[PDB]
């Protein structure tokens, strides 16, 4: 009955086409994709989101939740941000979760959950805000601190992310940590750390799904 769309942020590989302009959902355009960041050791964001995304997929499949991925590999060109949102909407999912990692100041540590604000539809106004709050409480529960450098108590309501703007179904974009920070990068570079993030993500997704039914 349940369908969740998981979006491991960024592509396995990029070419010049990532510079092509795509609609933002509020007028104007932005680049199709961004390369993403990396840890000081060179562990790329695209691989972190992909590996953590697979763990989240495994956890949701254990609950009998049908999952869809925004991309099927971590080594080739992937879809633009507008295509990912249109792909997700076409599935009429119960929840959409995008996974990212940030590139912030070295002392900046912790997570932030991004959601579309001001809202462009009733789903963005209510259910997506409830989903963001639930997810923020779950990451804090896995021992991931609320970001000390961005957002408000681990939340960031914002208008500039095309994927969030274009969503017709509950959708959030989770920045799991700062790849440039020693504590967050040590978690990201470890299979146990990636599993810890996936456990928080499944708890947030399940918690939200349990309120909508």
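Residue numbers count along the first chain shown, from 1.
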### Query
For the C-alpha atoms alone, is the average B factor greater in 72 to 80 or in 108 to 116, going by the entry?
72 to 80
### Summary
Mean Cα B-factor check, 164 to 172 vs 28 to 36, entry values; winner is 28 to 36
### Query
Hey, out of 99, 87, 132, 141, whose CA B-factor is highest in the deposited coordinates?
141
### Query
When you compare the CA B-factors of 177, 53, 157, 64 as listed in the entry, which one comes out on top?
64
#### Entry: Entry-reported Cα temperature factor of residue 206, expressed as the chain third it lands in
highest
### Message
Ranking every modelled residue in this chain by its Cα temperature factor as given in the entry, which third contains residue 10?
### Response
lowest
